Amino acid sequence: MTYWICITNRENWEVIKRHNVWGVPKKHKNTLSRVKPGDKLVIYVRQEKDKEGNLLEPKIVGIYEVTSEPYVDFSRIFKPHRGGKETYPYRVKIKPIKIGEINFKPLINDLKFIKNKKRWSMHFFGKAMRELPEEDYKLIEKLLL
């Protein structure tokens, strides 16, 4: 088995919850190809701003379990996160395990995958998902009420 942290935003988090699909663009297809049924996905949403300019801190919002092998499907369900026409066609089916909401920032000091504590964001930049050490998954699972 393998644990992963998946990077998305609030709008697509809603799509994920409704469709039970985790998808990534072509540049990250190689990483997704390693995912197998049974794997756990920690869902993370980046920092955003609401319409009134209020900052929405980065959060862990849930844990899902992978239920299918990777597949390809170009159905338009996600909102292109950078304003393009991206469909995030390479996907796995998933099912919910846990739905919650905890701030991510206070956790960096204790998350092993964050090697560079001073600029933790570098571990998320240009990535859709990355493997989580078992210890990191265990800590997040316990904290996500």
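One-based numbering along the sequence shown.
Stretches 115-123 and 93-101 differ in mean C-alpha B factor, with the higher average recorded for 115-123. Higher average CA B factor: 48-56, of the stretches 48-56 and 63-71. Ranked by C-alpha B-factor against the other modelled residues of its chain, residue 29 falls in the middle third. In the deposited entry, the Cα temperature factor of residue 135 places it in the highest third of its chain's modelled residues. When the CA B factors of the chain's modelled residues are split into thirds, the value for residue 77 lands in the middle one.
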